[PDB]
Amino acid sequence: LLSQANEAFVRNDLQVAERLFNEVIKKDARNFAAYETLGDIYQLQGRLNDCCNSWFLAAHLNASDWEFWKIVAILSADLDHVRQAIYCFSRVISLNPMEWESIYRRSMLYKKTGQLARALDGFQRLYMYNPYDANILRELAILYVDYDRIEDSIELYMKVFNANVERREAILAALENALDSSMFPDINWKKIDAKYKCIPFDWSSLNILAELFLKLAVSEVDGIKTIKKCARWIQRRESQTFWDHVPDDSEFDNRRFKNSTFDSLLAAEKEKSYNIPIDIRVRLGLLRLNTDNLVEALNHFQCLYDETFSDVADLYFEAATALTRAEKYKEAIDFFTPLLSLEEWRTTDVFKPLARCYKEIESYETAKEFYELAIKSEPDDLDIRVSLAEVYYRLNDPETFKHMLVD
């Protein structure tokens, strides 16, 4: 008689029908289809949560419809209750270990909740399933950094690199043979694209590496030697091994024409990109400035001068502030000073260090001017005081006692 009570109800749609549909199974508890009916209605009336708790129960009657949990999990993630969402996802995954979507989604709700041990052990898995997804690669590289392992995040991009070298050698030996047998060569790609596949290494990759060598802040000379080996492989210059054995950091500069072995190179090779993109070059500057080589770091930063200024202002600033932190003051002022011309940069952010730089070179006259401008926008004490110390050193005490108390 139960089956009749439910049947009459399920057939047709009215707001009284579906709750009375619950009332019969209210006598005795469990019907899987009962809930799937419930959710269908709650979803339509447009109130989200009741829809979730109905289905969220349904999924327990049949533990085995995992396409179903995945829906209940993405809905608990949509309604912003996470602990359910990760739990539902974890059933989808105990049923199906290879479900990619749910391992990923779950493992990034793991990230938001800040269980990294789980979220890492999570993206690692997807990266095992498919090594060639670039999104997964980044997401994994990132967690490694947040998890305070930079060293692992670097090896990760290094393999991608080598994988690209192995593959280029394959294609080069491939058509070195194709001409012997044989009117052009025909290389068989289906065999190549299957045999060596790893993700393309382009400048973006090398930049992502560069930033990883900064965050490490260790053995910074090894980082530089490598940024150069890779940047050199790109631009098909890997042929020239010698650059590995000189300190100058001299390639990627005109300095390379004073080179003994370079001169002897034929014209074909002499013409090839010896230049590197700016976001990376400013990163070699920083990376050198870490080793307190200001002479080399400077030659990199000086390259900002050849880029259209409005395009990279933020780099001028980052360099200037990097010199300020590295306590090289005479030079910082040179990468601060241009930001002044563009209106949006005139702020305490630029004005404080500019001044402090001047105060530090023992020219206090001009340093006054900036702390003043800086004090205007922002009412802060820390850098009003340092303005006293400036009115102190250039003006000696006579008629400086009034100013001090005034401020």
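Some notes on this structure:
- Once segment 29-51 is narrowed to residues that are surrounded by 21 or more Cβ atoms within 10 Å (Cβ to Cβ) and hydrophobic (A, V, I, L, M, F, W, C), the residue that is farthest from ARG106 (Cα to Cα) is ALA34.
- One residue from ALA170, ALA178 being over 26 Å from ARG149 (Cα atoms) and either of a type in the set (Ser, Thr, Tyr) or touching a helix residue (DSSP H, G or I) at 6+ places or on another chain (Cβ under 7 Å) (or both): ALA170
- For segment 85-119, the tally of residues that are in contact with a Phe, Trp or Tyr (Cβ under 7 Å, 6 or more places away or on another chain) and in a helix (DSSP H, G or I) stands at 13.
- Residue within segment 181-188 that is touching a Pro at 6+ places or on another chain (Cβ under 7 Å), in a helix (DSSP H, G or I) and among the small types (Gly, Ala, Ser) present: no
- Residue match in segment 390-403 (condition: surrounded by fewer than 17 Cβ atoms within 10 Å (Cβ to Cβ), of a type in the set (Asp, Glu), out of contact with any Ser or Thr (no Cβ under 8 Å at 6 or more places or on another chain) and over 19 Å from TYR316 (Cβ atoms)): yes
- Residues satisfying the criterion are absent from segment 78-88 (criterion: under 30 Å from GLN4 (Cα atoms) and crowded, with 19+ Cβ neighbours inside 10 Å).
- Of all residues in segment 189-203, exactly one satisfies the criterion of being of a type in the set (A, V, I, L, M), surrounded by 14 or more Cβ atoms within 10 Å (Cβ to Cβ) and assigned to a helix (DSSP H, G or I), namely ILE192.
- Any helices (runs of 4 or more DSSP H) falling wholly within segment 265-355 and containing at least 1 residues that are polar (S, T, N, Q) and surrounded by 14 or more Cβ atoms within 10 Å (Cβ to Cβ): 294-301, 314-325
Here's the yes/no breakdown for (1) over 23 Å from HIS300 (Cβ atoms); (2) among the polar types (S, T, N, Q); (3) touching a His at 6+ places or on another chain (Cβ under 8 Å); (4) surrounded by 12 or more Cβ atoms within 10 Å (Cβ to Cβ):
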| site | (1), (2), (3), (4) |
| --- | --- |
| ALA178 | yes, no, no, yes |
| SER205 | no, yes, no, yes |
| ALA210 | no, no, no, yes |
| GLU220 | no, no, no, yes |
| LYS228 | no, no, no, yes |
| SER250 | no, yes, no, yes |
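- Looking only at segment 137-153, residues that are over 12 Å from the mean Cα position of the chain (by Cα) and either crowded, with 20+ Cβ neighbours inside 10 Å or of a type in the set (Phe, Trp, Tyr) (or both) come to 1 in all.
Every read-out reported here was derived from the displayed coordinates using simple, explicitly stated rules and does not represent laboratory data. Cβ: placed from backbone, ideal geometry, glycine included. Neighbour counts: every protein chain shown.
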